[PDB]
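Enquirer: next input, structure requested:
(one chain, ligands or ions: 1)
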Amino acid sequence: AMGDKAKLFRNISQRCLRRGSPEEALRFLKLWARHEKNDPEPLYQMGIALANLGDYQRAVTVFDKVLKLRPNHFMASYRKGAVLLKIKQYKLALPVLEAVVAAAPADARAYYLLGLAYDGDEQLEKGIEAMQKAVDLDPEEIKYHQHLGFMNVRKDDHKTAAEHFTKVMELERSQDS
Ligand SMILES: [Cl-]
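Expert: Numbers count the residues shown, from 1 in each chain. Sure, the structure comes next:
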């Protein structure tokens, strides 16, 4: 069972996150982690805070801690994959993100991140496949059409690129009134 000290520290780190400042919160998340060792939740939370601070490399190594405790932690992989992609470590992000999508096969955003990771790794064809899936799962999103258009310009398929761009145009008009 969760100890009183741990409840207190959780309680405070929530005030600190919701009141803006995750540098303070981070100190209380570590206190919580100290009292409830082998609870993945405070570690997972530190990972989030570190990512928001911009300490991305440090965030990854904390998300690995939570993934050692809970190998299938679906959200820990999601966020790890997302920062790995921001750091431009594409090869490493691919297996992480591919696991996210095998757990949440209708998550358009997972597939979008996956597409960007493949594209970064110069696997254009695989990235199109993934970004296409994002577009099928959420056809009103401008961003996914936009990328899928550019991927197709590089593939020299200007017809389907133009389709996606003329769609980006359409969404922009109809998201005023
Ligand atoms: Cl792109």
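Enquirer: now do the contacts for the residue nearest the centre of the chain.
Expert: Against the mean C-alpha coordinate of the chain, by CA atoms, centre = their mean, the closest residue is residue 82 at 3.3 Å. Applying CB atoms under 8 Å, 6 or more residues apart in numbering, one finds that residue 82 lies in contact with residue 113. The way it works is simple: take the backbone N, C-alpha and C, and place the C-beta from them, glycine included.
Enquirer: could you measure from it over to the ion?
Expert: According to CB to the ion, to the nearest Å, residue 82 and the ion sit 16 Å apart.
Enquirer: following the strand or helix carrying that residue, which helix or strand shows up next?
Expert: Assigned by DSSP states H and E, residue 82 belongs to helix 74-86. Sequence order places helix 90-103 as the next helix or strand after helix 74-86, per DSSP H and E.
Enquirer: how about the lengthiest helix in the chain: buried residues?
Expert: In the chain, taking DSSP state H as the definition, the longest helix is helix 158-174. Judged by neighbour count using 16 or more other CB atoms under 10 Å, the buried positions of helix 158-174 are 160, 161, 164, 165, 167.
Enquirer: from what I see, the first one and residue 150 are in contact.
Expert: What it means is residue 160. No - using CB atoms under 8 Å, residue 160 makes no contact with residue 150, being 11.6 Å away.
Enquirer: count the residues that sit near the nearest residue to residue 126 once chain neighbours are set aside.
Expert: Counting by CB to CB, 6 or more residues apart in numbering, residue 126 lies nearest to residue 118, which is 4.3 Å off, once chain neighbours are set aside. By the criterion of other CB atoms under 10 Å, residue 118 has 24 neighbours.
Enquirer: try residue 69
Expert: By other CB under 10 Å, the residues close to residue 69 number 16.
Enquirer: could you number the chain from 28 rather than 1 from now on?
Expert: Yes, from this point I'll number from 28; that puts the last item at residue 96.
Enquirer: would you check how far apart it and residue 155 are?
Expert: 36 Å (CB to CB, to the nearest Å).
Enquirer: ok so, going back, which strands or helices does the strand or helix carrying the residue nearest to residue 153 pack on?
Expert: Residue 145 is part of helix 135-147, with elements assigned from DSSP H and E. Secondary-structure packing of helix 135-147 (3 or more CB pairs under 8 Å, 6 or more residues apart in numbering; DSSP states H and E): helix 101-113, helix 117-130, helix 151-164, helix 169-181.
Enquirer: 6 Å - rerun?
Expert: If you count contacts as 3 or more CB pairs under 6 Å, 6 or more residues apart in numbering; DSSP states H and E, helix 135-147 packs onto helix 101-113, helix 117-130, helix 151-164.
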